[PDB]
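Visitor: Structure provided below as structure tokens; questions to follow.
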Amino acid sequence: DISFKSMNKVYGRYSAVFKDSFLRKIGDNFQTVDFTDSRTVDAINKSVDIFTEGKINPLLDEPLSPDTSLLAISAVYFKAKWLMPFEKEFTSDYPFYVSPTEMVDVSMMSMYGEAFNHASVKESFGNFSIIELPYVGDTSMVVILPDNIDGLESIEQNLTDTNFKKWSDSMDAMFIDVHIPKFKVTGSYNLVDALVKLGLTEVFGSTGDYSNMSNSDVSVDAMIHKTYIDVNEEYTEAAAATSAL
Amino acid sequence: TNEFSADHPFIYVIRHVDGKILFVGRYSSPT
Amino acid sequence: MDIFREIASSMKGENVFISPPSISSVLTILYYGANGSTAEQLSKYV
């Protein structure tokens, strides 16, 4: 996209016979592989490593089951300079209230006297402010900060795509001083339990019906998401990858 | 002087302007 | 936002960072090979 790039790859076991309808929907992102060969996982991991500029590596941290029938992966990568970078000179140690009476040191970036898109939002599930920090190009970071020192959970659990658009649309340019942490975080998530709790009860394991993939039984037992973000004075860099197999 | 001081848990979204959400996170604690 | 909210509420007090499009792209591949209740449950995420 210029700041954001994405790819998907699908790997099917060479000994299975695939259905052309499925293959057509997947496009030219498909290849067959031998899951009994150890360098197979090495080559998939290297692909994702290179695409994510080293930030997701390895995606697959377990040897693959030699009985795998299909592995589906996605990877995404983002890096952009702030439109207005923070001055390191202003970065300094601040208390972060992880809870209202527990303070943990953070490196806080600060920018004074500039104008940003901003709104003050009043809701039944909590009052908050929202600001937009633009990147060079056509992306931005939008930050949602509760007015009450431990007010996030009720706002979080009312965050929907529609709400978010509504609040973002209400922002207008205002002079405001901004203080936000510099941070790096890596995540790794087992998506099966969350998706089951959301209603995907016949997707993972034996109840999953993927009979439209091939002439053989395909099961999907696991789904992992691995992520990386670095927020600093000059840029944000972010990457993620997802695997179902 | 108005202040935006993210010194307690917050949510952050990376998005395409006028477009889709690319990444979404919760900052709960310094790592 | 439903996947984010679910992961977040599942690990209270912990940092969370995800890419919704990455997740939806893999669910969309599953949806293409899926049938019956499986396809129906995945279609929302395509």
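Scheme for the structure tokens: letters A, B, ... for chains in order shown; per-chain residue numbers from 1; ligand numbers from 1 in order shown.
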Any chance you could tabulate, as a Markdown table, the residues of range 1-41 of chain C at most 10 Å from range 26-30 of chain B with each one's nearest atom pair and distance in Å to one decimal, using only C-alpha atoms, in chain and rising number order?
Guide:
| residue | atom | partner | partner_atom | distance |
| --- | --- | --- | --- | --- |
| C:4 | CA | B:26 | CA | 9.2 |
| C:5 | CA | B:26 | CA | 9.8 |
| C:8 | CA | B:26 | CA | 7.5 |
| C:12 | CA | B:28 | CA | 8.8 |
| C:13 | CA | B:28 | CA | 5.8 |
| C:14 | CA | B:28 | CA | 5.7 |
| C:15 | CA | B:28 | CA | 5.1 |
| C:16 | CA | B:26 | CA | 5.0 |
| C:17 | CA | B:26 | CA | 6.5 |
| C:18 | CA | B:26 | CA | 9.4 |
Visitor: Next, write the just-selected residues to a file, as a PDB file, in the first residue's frame, keeping C-alpha atoms as the atom set.
Guide:
ATOM      1  CA  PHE C   4     -10.225  -7.637  19.575  1.00  0.00           C
ATOM      2  CA  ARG C   5     -12.792  -7.234  22.376  1.00  0.00           C
ATOM      3  CA  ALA C   8      -8.745  -8.329  25.300  1.00  0.00           C
ATOM      4  CA  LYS C  12      -7.430  -8.738  31.538  1.00  0.00           C
ATOM      5  CA  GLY C  13      -4.637  -6.391  32.550  1.00  0.00           C
ATOM      6  CA  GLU C  14      -2.376  -7.618  29.744  1.00  0.00           C
ATOM      7  CA  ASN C  15      -1.243  -5.742  26.647  1.00  0.00           C
ATOM      8  CA  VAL C  16      -2.993  -6.784  23.419  1.00  0.00           C
ATOM      9  CA  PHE C  17      -1.989  -5.967  19.836  1.00  0.00           C
ATOM     10  CA  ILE C  18      -3.595  -7.608  16.781  1.00  0.00           C
TER      11      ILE C  18
END
Visitor: Could the residues of chain A within 6 Å of chain B, counting only C-alpha atoms, be given as a VMD selection string, please?
Guide: chain A and resid 96 to 98 106 138 to 145 176 to 180
Visitor: Export N, CA and C atoms of the chosen residues as a compact mmCIF listing (two decimals), in the first residue's frame?
Guide:
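Full text of out-v9.txt as output:
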# COMPACT_ATOMS: atom_id res chain seq x y z
N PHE A 96 3.19 5.52 35.05
CA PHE A 96 2.05 4.96 34.33
C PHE A 96 1.18 4.24 35.36
N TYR A 97 -0.10 4.64 35.47
CA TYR A 97 -0.99 3.98 36.42
C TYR A 97 -1.59 2.71 35.84
N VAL A 98 -0.92 1.59 36.13
CA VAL A 98 -1.45 0.31 35.62
C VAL A 98 -2.75 -0.01 36.34
N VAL A 106 7.41 4.59 32.87
CA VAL A 106 7.33 4.55 31.42
C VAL A 106 8.17 5.67 30.82
N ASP A 138 -1.05 8.04 4.08
CA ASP A 138 -2.50 8.11 4.29
C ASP A 138 -2.94 7.22 5.44
N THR A 139 -2.10 7.12 6.47
CA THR A 139 -2.50 6.36 7.65
C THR A 139 -2.32 7.26 8.88
N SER A 140 -2.94 6.81 9.98
CA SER A 140 -2.78 7.52 11.24
C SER A 140 -2.99 6.51 12.39
N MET A 141 -2.58 6.95 13.57
CA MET A 141 -2.85 6.25 14.82
C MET A 141 -3.92 7.05 15.57
N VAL A 142 -5.00 6.37 15.94
CA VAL A 142 -6.07 7.00 16.71
C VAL A 142 -5.98 6.45 18.12
N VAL A 143 -5.91 7.30 19.13
CA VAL A 143 -5.76 6.85 20.53
C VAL A 143 -7.00 7.21 21.34
N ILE A 144 -7.55 6.29 22.09
CA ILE A 144 -8.73 6.44 22.93
C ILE A 144 -8.35 6.37 24.39
N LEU A 145 -8.58 7.48 25.12
CA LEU A 145 -8.07 7.58 26.49
C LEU A 145 -9.21 7.89 27.44
N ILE A 176 -3.55 20.95 21.41
CA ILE A 176 -3.56 20.11 22.59
C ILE A 176 -2.15 19.57 22.82
N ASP A 177 -1.71 19.51 24.08
CA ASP A 177 -0.40 18.89 24.34
C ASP A 177 -0.58 17.39 24.40
N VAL A 178 0.35 16.63 23.85
CA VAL A 178 0.20 15.18 23.79
C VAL A 178 1.32 14.45 24.52
N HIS A 179 0.98 13.47 25.34
CA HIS A 179 1.96 12.64 26.04
C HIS A 179 1.56 11.18 25.81
N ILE A 180 2.46 10.43 25.18
CA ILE A 180 2.14 9.03 24.96
C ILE A 180 3.38 8.17 25.11
Visitor: What's the 9 Å shell around residue 20 in chain A, counting only C-alpha atoms, without same-chain residues fewer than 4 positions away, as a PyMOL selection string?
Guide: chain A and resi 24-25+213-214
Visitor: Per DSSP on the backbone, filter chain C down to the residues in helix (DSSP H, G or I) and report them as a PyMOL selection string.
Guide: chain C and resi 2-10+20-33+36-43
Visitor: Taking 3 positions as the minimum chain separation for residues in the same chain, which residues sit within 12 Å of residue 195 in chain A when counting only C-alpha atoms? Answer as a VMD selection string.
Guide: (chain A and resid 189 to 192 198 to 204 222 to 224) or (chain C and resid 2 to 7 10 23 to 24 27 41 to 42 44 to 45)
Visitor: Would you write out those residues with N, CA, C and O atoms, as a compact mmCIF listing (two decimals), in the first residue's frame?
Guide:
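Written file, again-v9.txt:
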# COMPACT_ATOMS: atom_id res chain seq x y z
N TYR A 189 -1.05 -15.15 20.17
CA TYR A 189 -2.40 -15.49 20.57
C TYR A 189 -2.88 -16.78 19.92
O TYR A 189 -2.69 -17.01 18.72
N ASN A 190 -3.52 -17.59 20.74
CA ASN A 190 -4.25 -18.78 20.31
C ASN A 190 -5.65 -18.32 19.94
O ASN A 190 -6.40 -18.06 20.89
N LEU A 191 -5.98 -18.19 18.66
CA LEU A 191 -7.30 -17.63 18.33
C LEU A 191 -8.45 -18.62 18.47
O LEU A 191 -9.62 -18.21 18.46
N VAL A 192 -8.18 -19.92 18.61
CA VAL A 192 -9.29 -20.88 18.67
C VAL A 192 -10.23 -20.57 19.83
O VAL A 192 -11.44 -20.49 19.68
N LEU A 198 -16.84 -16.62 20.31
CA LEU A 198 -17.63 -15.76 19.44
C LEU A 198 -18.65 -16.51 18.58
O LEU A 198 -19.36 -15.86 17.80
N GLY A 199 -18.73 -17.83 18.69
CA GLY A 199 -19.73 -18.53 17.87
C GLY A 199 -19.12 -19.42 16.81
O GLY A 199 -19.84 -20.11 16.06
N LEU A 200 -17.80 -19.47 16.65
CA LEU A 200 -17.27 -20.39 15.64
C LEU A 200 -17.10 -21.77 16.25
O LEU A 200 -15.99 -22.21 16.57
N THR A 201 -18.20 -22.48 16.45
CA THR A 201 -18.20 -23.76 17.15
C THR A 201 -18.03 -24.96 16.24
O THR A 201 -17.83 -26.11 16.66
N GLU A 202 -18.08 -24.74 14.93
CA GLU A 202 -17.90 -25.85 14.00
C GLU A 202 -16.91 -25.47 12.91
O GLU A 202 -17.19 -25.69 11.73
N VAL A 203 -15.80 -24.92 13.36
CA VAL A 203 -14.69 -24.49 12.53
C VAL A 203 -13.41 -25.23 12.85
O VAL A 203 -12.69 -25.62 11.93
N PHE A 204 -13.09 -25.42 14.13
CA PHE A 204 -11.84 -26.04 14.52
C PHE A 204 -12.12 -27.46 15.00
O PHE A 204 -13.17 -27.58 15.61
N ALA A 222 -5.85 -25.72 14.74
CA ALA A 222 -5.24 -24.63 15.48
C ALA A 222 -5.12 -23.37 14.63
O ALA A 222 -5.08 -23.44 13.40
N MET A 223 -5.04 -22.25 15.34
CA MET A 223 -4.96 -20.97 14.66
C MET A 223 -4.27 -19.99 15.60
O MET A 223 -4.75 -19.74 16.72
N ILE A 224 -3.15 -19.49 15.11
CA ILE A 224 -2.24 -18.67 15.89
C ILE A 224 -2.09 -17.29 15.24
O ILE A 224 -2.12 -17.23 13.99
N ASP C 2 -15.12 -7.22 17.14
CA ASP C 2 -15.47 -8.31 18.06
C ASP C 2 -14.29 -9.20 18.42
O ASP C 2 -14.18 -9.62 19.60
N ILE C 3 -13.39 -9.55 17.50
CA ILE C 3 -12.26 -10.40 17.89
C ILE C 3 -11.34 -9.71 18.88
O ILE C 3 -10.90 -10.29 19.89
N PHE C 4 -10.99 -8.45 18.63
CA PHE C 4 -10.23 -7.64 19.58
C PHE C 4 -10.84 -7.62 20.97
O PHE C 4 -10.19 -7.90 21.97
N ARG C 5 -12.13 -7.29 21.07
CA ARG C 5 -12.79 -7.23 22.38
C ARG C 5 -12.71 -8.59 23.09
O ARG C 5 -12.51 -8.63 24.31
N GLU C 6 -12.86 -9.68 22.32
CA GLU C 6 -12.83 -11.00 22.95
C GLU C 6 -11.46 -11.36 23.47
O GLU C 6 -11.25 -11.86 24.59
N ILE C 7 -10.42 -11.12 22.66
CA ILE C 7 -9.05 -11.39 23.10
C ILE C 7 -8.71 -10.51 24.29
O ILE C 7 -8.19 -10.94 25.32
N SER C 10 -10.31 -11.55 27.48
CA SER C 10 -9.78 -12.85 27.82
C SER C 10 -8.42 -12.75 28.50
O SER C 10 -7.95 -13.75 29.07
N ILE C 23 -6.05 -11.64 10.27
CA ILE C 23 -6.91 -12.71 10.79
C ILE C 23 -8.04 -12.97 9.80
O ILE C 23 -8.32 -14.13 9.47
N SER C 24 -8.67 -11.93 9.30
CA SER C 24 -9.77 -12.14 8.36
C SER C 24 -9.32 -12.81 7.08
O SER C 24 -10.06 -13.56 6.43
N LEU C 27 -9.27 -16.50 7.83
CA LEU C 27 -10.65 -17.01 7.93
C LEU C 27 -11.33 -17.06 6.57
O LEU C 27 -12.15 -17.97 6.34
N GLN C 41 -20.76 -20.21 9.64
CA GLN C 41 -20.19 -19.52 10.80
C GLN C 41 -19.04 -18.64 10.38
O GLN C 41 -18.78 -17.61 10.99
N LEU C 42 -18.32 -19.04 9.35
CA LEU C 42 -17.19 -18.22 8.91
C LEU C 42 -17.59 -17.03 8.05
O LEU C 42 -16.83 -16.06 7.95
N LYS C 44 -19.39 -14.42 8.27
CA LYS C 44 -19.31 -13.08 8.83
C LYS C 44 -17.91 -12.49 8.74
O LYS C 44 -17.73 -11.27 8.71
N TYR C 45 -16.90 -13.36 8.71
CA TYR C 45 -15.54 -12.84 8.79
C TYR C 45 -14.85 -12.64 7.45
O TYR C 45 -13.68 -12.22 7.51
Visitor: Taking the backbone alone, and naming residues the way the document does, which bits of chain B are strand (DSSP E or B) by DSSP, as a PyMOL selection string?
Guide: chain B and resi 3-5+10-16+21-27
Visitor: At a cut-off of 10 Å, using only C-alpha atoms, what residues contact residue 65 in chain A? Leave out same-chain residues fewer than 4 positions from it and give the result as a ChimeraX atom specification.
Guide: /A:35-36,69,245
Visitor: Could you please tell me, as an MDAnalysis selection string, which residues of chain C have an atom within 6 Å of chain A when using only C-alpha atoms?
Guide: chainID C and resid 1 6 22 32:35 38 41
Visitor: Tell me, in Å to one decimal, how far CA of residue 170 in chain A is from CA of residue 230 in chain A.
Guide: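 Answer for the CA of residue 170 in chain A to CA of residue 230 in chain A separation: 28.0 Å.
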Visitor: CA of residue 87 in chain A and CA of residue 56 in chain A, how far apart in Å?
Guide: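 According to the coordinates, CA of residue 56 in chain A and CA of residue 87 in chain A are separated by 28.7 Å.
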Visitor: What is the distance between CA of residue 92 in chain A and CA of residue 133 in chain A, in Å to one decimal?
Guide: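 Straight-line distance from CA of residue 92 in chain A to CA of residue 133 in chain A works out to 19.6 Å.
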